[PDB]
Amino acid sequence: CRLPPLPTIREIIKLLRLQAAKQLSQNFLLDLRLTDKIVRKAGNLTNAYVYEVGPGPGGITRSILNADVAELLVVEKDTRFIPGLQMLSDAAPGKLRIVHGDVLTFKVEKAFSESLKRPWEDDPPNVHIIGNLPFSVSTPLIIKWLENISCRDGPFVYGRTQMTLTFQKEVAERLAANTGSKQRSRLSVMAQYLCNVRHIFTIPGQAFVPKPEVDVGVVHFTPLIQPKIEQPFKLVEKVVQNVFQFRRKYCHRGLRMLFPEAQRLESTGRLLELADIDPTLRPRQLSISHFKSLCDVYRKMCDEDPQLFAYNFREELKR
RNA sequence: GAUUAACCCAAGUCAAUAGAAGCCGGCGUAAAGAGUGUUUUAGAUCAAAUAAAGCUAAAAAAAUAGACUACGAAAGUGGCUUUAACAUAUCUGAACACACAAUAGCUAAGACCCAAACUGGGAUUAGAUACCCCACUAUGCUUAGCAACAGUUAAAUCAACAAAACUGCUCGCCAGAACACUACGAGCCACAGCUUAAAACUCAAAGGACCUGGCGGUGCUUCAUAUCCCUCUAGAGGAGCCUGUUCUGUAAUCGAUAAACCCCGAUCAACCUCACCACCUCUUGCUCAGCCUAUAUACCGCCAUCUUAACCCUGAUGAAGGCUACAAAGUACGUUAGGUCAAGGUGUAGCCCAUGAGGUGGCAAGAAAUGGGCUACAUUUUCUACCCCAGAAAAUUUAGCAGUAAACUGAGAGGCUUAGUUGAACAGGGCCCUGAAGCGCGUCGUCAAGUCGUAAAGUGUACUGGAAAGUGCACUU
Ligand SMILES: [Mg+2]
Ligand SMILES: [Mg+2]
Ligand SMILES: [Mg+2]
Ligand SMILES: [Mg+2]
Ligand SMILES: [Mg+2]
Ligand SMILES: [Mg+2]
Ligand SMILES: [Mg+2]
Ligand SMILES: [Mg+2]
Ligand SMILES: [Mg+2]
Ligand SMILES: [Mg+2]
C-alpha cells in the first residue's frame, strides 16, 4: 500500500501560511516511527473500526492505515489539512472517511453501523478510538467520555470501546496514579472507577518538531465491566472534588464543605461514621472503596434531604 | 594455533592463593570546616540594641534626615516621650548543658478588610486569551503544639580557576565510582497499592581546572559597486519570393549541378544529367576494369573545447601565544566517439552478375503557426543643370559610451580587407558580483545502527479537570 510521503515542517509552514517556524502555536509528531509504536500499543487493529481524533498532518493517520483497518473515521477541525487527508483517502480507497467538526460535539454514536454493537459484559466491540489532540482539548474530552461510560451512551453505545489518547506526562501519570502516590488526584479516581487505565510510555518533548518544554504520555482506557461505584456521575464528581479540594489536609476538612454551615459539624460526623472512613486519612490515601462508601452514604443523605445536592459553599460565603 | 628463532631463570620453572610492603597527607571548586552566644574536665602561650507603658503627624505602619553605617551574639533595629537597660581584664574547647534564632511540613482552635493557587460563571479565534472580567476557597494573619585565635609580608608568591600568599596553636572532619543500586523484609493497608534500606556485587575508572578549535556553516550592515541593470536616445512588423520546424500524404527526394540552363541580373521547374520509386537488360566487361562508397570514430594539417622553511622572544621553559607609527617583540603540455576531404596531403578498408554500365515509366507534394534571409517601400522624395540662391515631376531586437549611430563616395584580393565626405539624439536612479571593512548568529531527532527521516528572563515549592504547560507564594540578575 503506497501512500504519499509525510509533509515536512517546511511544507507545513507553507500550508499554514505562517512563513516562519516560531509561530505555529502547535506541536506536530512528524515521526512515522513513534506513531507506528503508538498504533502498535493501541492493540490489534486488523479489520477494526478506528475513530481517530485530532488527525493533523496525518502521521497517526498513516500509521493506522498501515494497519489493516476496515473503516477509519477522521474528524479534523482545520480545513488546511483536509487537502492532505483527501490525498490520503484517495491513496487508500474506501478506508478513510473524513469529517469536519469539533470532537467535543461530534456524535460518534451514529457514525458506525449498528452491527458492531456488542453487549457491555462481552469483549470490547472491535471499535477503537485513537487520539493525539491538543492537551487543551483532551482533558474536557476525557471527562465527557467518562460521563458517557457512566451513562453507557455516546461512543460506548457499541459497548466497551477502547481508547488510546495522548496527554501531558504529568496528566497521564495522574490519570494512571495508584493510592498514596504523589500524583493521586481527582482525575485518577474519576478515570479509575470506570476504566482500566494504563500509562504505557512517555515521548520526550524533543521528539516533536516544534519541541515543547514538556513530555507526552500515551494512556490506554478500557471501560470496566463492573464500575467500582454504582452512583450517578455528577454525584461521584462532587464527592471527589470536595475530598480533593484540600489535598494536604485530612479528608474531613474537605468533606465538611458538602453540607451547610448550620449542620456542618454533625452532618460531617454522621457521614464519616455511617461510612467507616478514618478521619486521619489524607485524600491521596483513599481507595475507590472509601469513595464508594462515601458516595453511598451521601446519596442517602441527599435522598432524605432534597436541598443538599445543589449546595455550593462558596455561594453561601458570598453573603 | 603450529613452526623457526630469540629472551629470562634453571633442576627447576611459575599459574593460583596468602603475606611482606602505606597515613606527620588534606578539608573554596576534586572525599573532607560557617546559625549565634555563654559555660564546660582539659590544652595553648596569644595572659536606628532590648522590654514596658503612654502619645502621635501626614496617608494600622513610620515619607525628609539617611550622601548616615551606629546598636545588637545572630536573626534583626531607623515616629516622639518617660522608665528599666546594653555580660565579661588571655585564647581554643558541646552531638551530649542553658539560652536564643531561622527554615520546611502537618495538627488544634480563632479573625477575615484585602489579595489569592484551586473551583464555578461571563467574553472572546475558527483547537478563541494559558493571558481579560466577576465570585469565592486553601493560603497570606493570630496564638498553642509537634573553621576559631595570635603574629608575618619575608621569601621561590604562584598545577590551574577563584579570593595575594604565610606561619604558629587548637578543635571537628576526610581516606575510589558509591550521599551508587537494590525491599530479603518492616509499618500502613487489607489483594494490590504507598512509605521505608544498608551491604555485598561489578568496574578501571570516577572526579576537578584549562586550551585548541572546527562548523567545507548561517545571515545582515555599510559603502568603491565598474560589466550587468532599469531609465533615456535612434532605427528595425505590411507585400512578394527563398529557407528552418511541425502535421498530413505518396511506391517515391517540392533532393543536388568542380555535372544543366541562361548569355541583363538572378532564377523555377528543366524532356540535361545525377538522386528517389516500380519493372527489366548487360558480364568478363574499359583499359588486370568501374564507384567519390566509408574512415581525419585512420594519422598529419587547420580550427575549436577543457585542465595545468628558518631565526628570535612571551607564558615559572603546559597545551599555547607574538599587535599599537607620538609604535609596546617580532624579523625573514595533455584533452576530445569534437568540426573540417571545397582552395592540403599519407594510408586503410568496402562492392567487383554490382556499391558497375544501361533501358522503360513515374517522381515535380498540400496545409498552417512561428524562426530567419533577399528586393521596393517618396515629398527632409525623384529627374536635369550644378556641386547647395534653379527649373520640372509627383513585440522583441540592433546600436549608444562621438567623429559613434545614420546617410553617401572611392580603392583593392579576387562576402572579405582598406581610404574618405556629411554628421546627430540621450547622457539620470540601482544592482549581480569580486573589491573595502563591521556586527551578529550558530555552536536535529527516532524504532529496532542503517538497505532510518530530515533545514524581562530564570530558580525553587504548592495546586492544576479547558495542563504542548498555567497560575499562586517566596527568591536571583
Ligand atoms: Mg613445582
Ligand atoms: Mg567537596
Ligand atoms: Mg570559648
Ligand atoms: Mg477577593
Ligand atoms: Mg572549633
Ligand atoms: Mg524532385
Ligand atoms: Mg556515380
Ligand atoms: Mg572527428
Ligand atoms: Mg489552571
Ligand atoms: Mg511557578
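Throughout, a chain's letter reflects where its sequence line sits, starting with A, and its residues are numbered from 1. Atom set for the values below is all heavy atoms of this structure, side chains included, hydrogens, waters and symmetry mates excluded.
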What one should report as the nearest heavy-atom pair of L73(A) and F112(A) is CB-CZ, 4.0 Å

With rounding to whole Å, what would you report as the distance between [N] and [M] at their [atom1] atoms?
{"N": "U45(B)", "M": "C161(B)", "atom1": "P", "value": "39 Å"}
{"N": "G400(B)", "M": "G339(B)", "atom1": "P", "value": "36 Å"}
{"N": "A95(B)", "M": "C171(B)", "atom1": "P", "value": "15 Å"}
{"N": "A159(B)", "M": "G213(B)", "atom1": "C1'", "value": "23 Å"}
{"N": "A399(B)", "M": "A393(B)", "atom1": "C1'", "value": "37 Å"}
{"N": "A275(B)", "M": "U355(B)", "atom1": "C1'", "value": "15 Å"}
{"N": "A148(B)", "M": "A34(B)", "atom1": "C1'", "value": "11 Å"}
{"N": "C242(B)", "M": "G285(B)", "atom1": "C1'", "value": "47 Å"}

Taking atom types as they are modelled, is there a donor-acceptor pair under 3.5 Å from the base of [N] to the side chain of [X]?
{"X": "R314(A)", "N": "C118(B)", "value": "yes"}
{"X": "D102(A)", "N": "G127(B)", "value": "yes"}
{"X": "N312(A)", "N": "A135(B)", "value": "no"}
{"X": "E237(A)", "N": "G465(B)", "value": "yes"}
{"X": "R62(A)", "N": "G453(B)", "value": "no"}

Atom pair distance, as rounded to whole Å: [atom1] in [X] and [atom2] in [N]:
{"X": "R247(A)", "N": "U119(B)", "atom1": "CZ", "atom2": "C1'", "value": "16 Å"}
{"X": "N27(A)", "N": "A469(B)", "atom1": "CG", "atom2": "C1'", "value": "11 Å"}
{"X": "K211(A)", "N": "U454(B)", "atom1": "NZ", "atom2": "P", "value": "17 Å"}
{"X": "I12(A)", "N": "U454(B)", "atom1": "CD1", "atom2": "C1'", "value": "12 Å"}
{"X": "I143(A)", "N": "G120(B)", "atom1": "CD1", "atom2": "P", "value": "10 Å"}
{"X": "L34(A)", "N": "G453(B)", "atom1": "CG", "atom2": "P", "value": "15 Å"}
{"X": "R282(A)", "N": "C189(B)", "atom1": "CZ", "atom2": "P", "value": "14 Å"}
{"X": "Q245(A)", "N": "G120(B)", "atom1": "CD", "atom2": "P", "value": "11 Å"}

When you get a sec, tell me which of [options] is the closest nucleotide to the side chain of [X]?
{"X": "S136(A)", "options": "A108(B), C136(B), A467(B)", "value": "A467(B)"}
{"X": "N178(A)", "options": "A468(B), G193(B), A467(B)", "value": "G193(B)"}
{"X": "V171(A)", "options": "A467(B), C194(B), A108(B)", "value": "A467(B)"}
{"X": "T179(A)", "options": "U107(B), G193(B), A469(B)", "value": "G193(B)"}

Checking base pairs now: Watson-Crick or wobble, both atom distances under 3.5 Å. What partners [N]?
{"N": "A260(B)", "value": "none"}
{"N": "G214(B)", "value": "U443(B)"}
{"N": "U360(B)", "value": "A278(B)"}
{"N": "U384(B)", "value": "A390(B)"}
{"N": "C203(B)", "value": "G176(B)"}
{"N": "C271(B)", "value": "none"}
{"N": "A111(B)", "value": "none"}
{"N": "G37(B)", "value": "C98(B)"}

Can you find a side chain N or O atom of [X] that sits less than 4.0 Å from OP1 or OP2 on [N]?
{"X": "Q206(A)", "N": "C444(B)", "result": "no"}
{"X": "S185(A)", "N": "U464(B)", "result": "yes"}
{"X": "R284(A)", "N": "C463(B)", "result": "no"}
{"X": "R33(A)", "N": "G453(B)", "result": "no"}

Using a cut-off of 3.5 Å for both contacts, decide if [N] and [M] are a Watson-Crick or G-U pair.
{"N": "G105(B)", "M": "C146(B)", "answer": "yes"}
{"N": "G440(B)", "M": "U331(B)", "answer": "no"}
{"N": "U40(B)", "M": "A456(B)", "answer": "no"}
{"N": "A44(B)", "M": "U90(B)", "answer": "yes"}

Should [N] and [M] be reported as a stacked step, that is, with six-membered ring centres less than 5.5 angstrom apart and planes less than 30° apart?
{"N": "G450(B)", "M": "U451(B)", "value": "no"}
{"N": "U397(B)", "M": "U398(B)", "value": "yes"}
{"N": "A260(B)", "M": "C261(B)", "value": "yes"}

Per side-chain contact (heavy atoms from CB on, under 4.5 Å), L165(A) is matched among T139(A), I142(A), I130(A) by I142(A)

Quick check against the 3.5 Å criterion: does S293(A) have a side-chain atom that pairs as donor or acceptor with the backbone of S289(A)? yes

With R184(A) as partner, the option from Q285(A), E173(A), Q192(A) fulfilling side chain to side chain donor-acceptor pair (under 3.5 Å) is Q192(A)

### Task
Would you mind checking if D31(A) and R33(A) are paired as a salt bridge, meaning a charged N to carboxylate O distance below 4.0 Å?
no

For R186(A), which contact category applies under a 4.0 Å heavy-atom criterion: base, sugar-phosphate, or nothing?
base

Classified through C1'-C2'-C3'-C4' with positive north and negative south, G472(B) counts as north

Sign of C1'-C2'-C3'-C4' (positive north, negative south) puts the sugar of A364(B) south

query: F167(A) vs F221(A) aromatic rings, parallel, tilted or perpendicular, using cut-offs 30° and 60°?
result: perpendicular

Parallel, tilted or perpendicular: rings of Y298(A) and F309(A) (30°, 60°):
tilted

#### Entry: Flag for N132(A)-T166(A): side-chain donor and acceptor within less than 3.5 Å
yes

Can you check whether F135(A) stacks with the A468(B) base, using ring centres under 5.5 Å and planes within 30°?
yes

**Study point:** Residues, nucleotides or ligands: over 12 heavy atoms within 6.0 Å of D303(A) CG
**Key:** yes

